[PDB]
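Take a look at the structure set out below.
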Amino acid sequence: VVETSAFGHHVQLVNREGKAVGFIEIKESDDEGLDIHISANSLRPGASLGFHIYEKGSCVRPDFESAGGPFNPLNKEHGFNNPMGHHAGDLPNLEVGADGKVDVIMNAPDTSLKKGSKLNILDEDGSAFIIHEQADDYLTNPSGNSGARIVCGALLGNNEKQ
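The numbering of the sequence shown is PDB author numbering, which starts it at 35 and goes up by one.
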């Protein structure tokens, strides 16, 4: 009939235009690196639905103490090979095209998300996942965007003591 997720409490990845409405379904395992199922869904356009750890707190920081986010200025050109050039700041491997079925669970640096605390990989910005600044929804007419903060999902664990 219907199914259900595993664990709870996660950073939902939704977009005002992306249409995405998945979530960060992490299911700590016990093998190597990680074995979570962080992949959004409910999309269509070749837009993005989040980004790599590059945000300060999940919708809990305006702009003052180290903005963070991506790098480089606006720069809205993107040319496979132009005289101007472009870089932006790298793009996440999750820009629709497969139902946002992008689950990273193969070879990891140090994703000890099975230590016994969801994701004990709290380093500067644990796991940040901002769902914005990307879209490229070829619509222009309704209410697309192609760059604008609306959703987020940066849940960077916090820990500190003497």
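Just so it is clear, CB atoms sit at the ideal spot from N, CA and C, and this is done for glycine as well.
Per DSSP, residue 59 forms a beta bridge with which residues?
71
Please look up how many angstroms separate the CB atoms of residue 47 and residue 54, rounded, as I've assumed it's under 8 Å.
The beta carbons of residue 47 and residue 54 sit about 6 Å from each other, so the pair counts as a contact at 8 Å.
Does the beta-carbon of residue 69 have 16 or more other beta-carbons within 10 angstroms, so that it is buried, or is it exposed?
buried
Who does residue 161 pair with in a DSSP beta bridge?
189
According to the Cβ coordinates, are residue 161 and residue 58 closer than 9 Å?
yes
What do you reckon, are the CB atoms on residue 185 and residue 50 nearer than 9 Å?
yes
Going by alpha carbons, who is nearest to residue 191 out of 165, 145 and 175?
145
Nearest CA to the CA of residue 125: which residue from 175, 169, 142 and 67?
169
Is residue 64 near residue 148, with beta carbons less than 9 Å apart?
yes
Classify residue 132 as buried or exposed, calling it buried when 16 or more other Cβ atoms lie within 10 Å of its own Cβ.
exposed
Taking DSSP as the reference, what is the three-state secondary structure of residue 35?
coil
In angstroms with no decimal places, state the Cα-to-Cα distance between residue 175 and residue 52.
15 Å
Can you tell me the Cα-Cα spacing of residue 72 and residue 196, whole angstroms?
33 Å
With residue 182 and residue 159 assumed to form a contact (beta carbons below 8 Å), what rounded beta-carbon distance in angstroms separates them?
At roughly 21 Å, the Cβ-Cβ gap does not stay under 8 Å, so residue 182 and residue 159 are not in contact.
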